[PDB]
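>>> So I've got this experimental structure, pasted below with the sequence.
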Amino acid sequence: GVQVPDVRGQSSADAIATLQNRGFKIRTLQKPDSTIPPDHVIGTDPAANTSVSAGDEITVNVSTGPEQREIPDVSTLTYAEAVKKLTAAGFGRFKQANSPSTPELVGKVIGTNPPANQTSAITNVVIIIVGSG
């Protein structure tokens, strides 16, 4: 068998060249990772140092950086509802802000920071802006 080289950390291009030089076929998967930078390799399947048949396909897990999610719209909800919905989307760190609104939005969410539909790391604090006035 041919040993799968350990390409964790290598750029996707460099890792793929290394694997190709050993005769492997390649498929890539793009996955979040908290410690390998974007476009660098997390690991392979089959894993580094495994012995496999010459020419076998190796799956190369390529980092897209830390996990990110799209911020859901939570406008006109209560703060409590907004926290539940943001939590369901993967976020967990929240702060409240006040900003002037029309009477019927007073006490309701008028937006977030980062704003709705923006992609954000799930480690980021999401400010939930509530109408005041």
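Cool, the structure landed. Numbers count the residues shown, from 1 in each chain.
>>> List the contacts of residue 42.
Contacts for residue 42 (C-beta atoms under 8 Å, 6 or more residues apart in numbering) come out as 8, 31, 33, 36, 61-63. Where you see a C-beta, it was placed from the backbone N, CA and C, and this is true even at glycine.
>>> Out of those residues, which two sit at the greatest distance?
8 and 31 (12.7 Å; C-beta to C-beta).
>>> those strands in the chain, which residues are they?
Along the chain, counting by DSSP state E, strands occupy 2-3, 25-31, 41-45, 51-52, 57-63, 68-70, 94-100, 109-113, 119-121, 126-132.
>>> ok, and what's touching the first one?
When contacts are taken as C-beta under 8 Å, 6+ apart, the neighbours of strand 2-3 outside the stretch itself are 22-24, 49-54, 56.
>>> Run me through the strand neighbours of it, direction for each.
strand 51-52 (antiparallel) (DSSP bridges).
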